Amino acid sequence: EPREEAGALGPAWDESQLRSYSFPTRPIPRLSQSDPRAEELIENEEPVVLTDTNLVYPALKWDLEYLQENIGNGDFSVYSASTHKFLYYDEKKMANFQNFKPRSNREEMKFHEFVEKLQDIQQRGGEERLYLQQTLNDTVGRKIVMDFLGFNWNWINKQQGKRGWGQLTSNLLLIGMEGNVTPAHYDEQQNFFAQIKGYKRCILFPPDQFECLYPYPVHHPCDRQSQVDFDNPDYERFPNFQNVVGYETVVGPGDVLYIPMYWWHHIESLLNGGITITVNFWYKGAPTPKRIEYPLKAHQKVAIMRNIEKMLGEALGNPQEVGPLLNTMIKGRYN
């Protein structure tokens, strides 16, 4: 249920701002950084919302005005779409599927250009949607550097150390419009997802729900994203989506959501909730141990399947032949 803002400022959000879906959910725990139960959830690669890390405390003051003045004059990737759904696609893989035409369009622009194009849309009451998704890098101005340096590296570096993770891979800055949706997908890195402005509903599914969520082929541009349209699920093609069960939370400013690697997550910016701002923190997972303990975890079986698809594509010389060979291998033999 919705949390209540300090100073009797009312519920920060209400249930009318959440989209409606076909499956049930149960809440992700919201705990203090100091709560041993939080450390045990992270250790066991289960999601948890930490309410008091201060991980991005200097960025809580961020808004569009502030960022435009200080984020510098680098290029920012901005996606545009006529739908609320911003399905990720990997442009390096579009050669394998020359029949895939994305629904989002990516435009590289300056931050002020992003603010203006967003202003124009608001002014003319258009229905075009934008989502800025850009890795933070050296081109940011001095006050963003100062803010970045003031993140709680003491806390997150200890996490990284305790869990045996690899190095921080990148931080993604995410600025979306109310109602934007990033469809369900899993990532191969560990993620601390730090909410800065506005509210995002996060729906996670464990790796053992692979069978219910139907990822695209590995060589397709939408590798790791679900094929299922959550707004109109096709149960004839995706029957096990009728068994899917999620873990849900709404993060607001100050919250940090641990999204364990291989966990599926669907992310939406709350309807009529204004713009959202988030920064994520991606780490490579801990190395695979030399001695493999059986039984294997769910995410290890996902990794085996990915590797089988990649090797078959290499061996056959063409990723389009992956599906026919696999069918030939199973029909009348393993089904």
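One-based numbering along the sequence shown. Definition used throughout: the rigid core is the maximal C-alpha set that superposes within 1.5 Å between two forms.
- Put simply, when the other structures in 9 other deposited structures of this protein are lined up on the rigid core, the C-alpha atoms of 92 to 100 lie farther off than those of the other stretch, from 92 to 100 and 193 to 201.
- Annotation for 130 to 138 versus 210 to 218: the higher mean temperature factor (C-alpha) is found in 130 to 138.
- Once the C-alpha B-factors are averaged per stretch, 183 to 191 and 112 to 120 rank with 112 to 120 first.
- Take 295, 27, 47, 58 and read off each C-alpha B-factor from the entry; 295 has the highest.
- Looking only at 96, 240, 152, 225, the residue with the top Cα B factor in the deposited structure is 96.
- In this PDB entry, the Cα temperature factor of residue 203 sits in the bottom third of its chain's modelled residues, the lowest group.
- Per-chain ranking of the deposited C-alpha B factor places residue 255 in the lowest third.
- Placement of the Cα temperature factor of residue 71 within the chain: highest third of the modelled residues, per the deposited record.
- Ranked by C-alpha B-factor against the other modelled residues of its chain, residue 41 falls in the middle third.
- Annotation for residue 306: C-alpha temperature factor in the lowest third relative to the rest of the modelled chain, per the entry.
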